[PDB]
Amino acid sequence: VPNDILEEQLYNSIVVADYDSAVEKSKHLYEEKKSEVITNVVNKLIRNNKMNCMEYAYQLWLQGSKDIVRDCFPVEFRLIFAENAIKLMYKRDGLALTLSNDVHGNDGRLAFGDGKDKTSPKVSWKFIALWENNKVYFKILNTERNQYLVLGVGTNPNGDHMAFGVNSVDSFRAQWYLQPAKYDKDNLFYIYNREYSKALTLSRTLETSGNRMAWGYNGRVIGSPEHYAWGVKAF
């Protein structure tokens, strides 16, 4: 009955990944003008970087509670789940993710943060959610190219994987999962590869074009969303 215990009960169902319980508890709160409880749960999930926040939102979305997602989460959730054209902006550098024009053979086009363009159709992507085994994963489609962001099999001397945009998806290498974070008033996301569980990042090495190559990073990112996380802007 009191709001804090309703908040705890909601948070706890999501923590244990009982999303059907989270959804039902949420539709109840929402119908009763207790969006406060729901918003507070999301804020809490996000402060603690709980990945399960993503599955919660997606289940609300699939179970006819798109309103809750729109009204009680960071705008980025609606942007992600409505598959709106968005820009992927790396917080550390304020560069937009894009693809090259020429191909890298079978791996496809090279993915990088562009030194100059953060506004043309080139920098436009969409998230395409999918559900498997109680998780939400995303394909990340370059809209100008109709190519999917992927990690290549190869690694650098650090064990980092190059990122590319390719035609097909018979590999978890083309799938990603998200973990929300905060920094100031900014909601951000670590974007991890399903195959390698490495976070999508931009290289600290600058190309002379001002471009920075995109990589699945072999290292710890957590705790530092201002260096390793992404923001999602309406395009």
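Residues carry their position along the shown sequence, with the first being 1.
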field: Higher-B stretch (mean Cα B-factor, as the entry records it), 107-115 or 127-135
entry: 107-115
query: Hey, which bit's got the bigger mean C-alpha B factor in the entry, 19-27 or 218-226?
result: 218-226
message: Quiz for you: based on the deposited Cα B-factor, which of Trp176, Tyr58, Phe189, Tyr183 is highest?
response: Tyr183
- line: Residue set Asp102, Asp160, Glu76, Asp71, per-entry CA B-factor max assigned to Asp102
- prompt: Among the chain's modelled residues, which third holds the C-alpha B-factor of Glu195?
  reply: lowest
- prompt: Which third, lowest, middle or highest, does the CA B-factor of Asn49 fall in along this chain?
  reply: middle
- prompt: Which third of the chain does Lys33 land in by C-alpha B-factor: lowest, middle or highest?
  reply: lowest
message: Using only modelled residues of the chain, where does the Cα B factor of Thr143 rank: lowest third, middle third or highest third?
response: lowest
message: Which third, lowest, middle or highest, does the C-alpha temperature factor of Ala85 belong to within its own chain?
response: highest
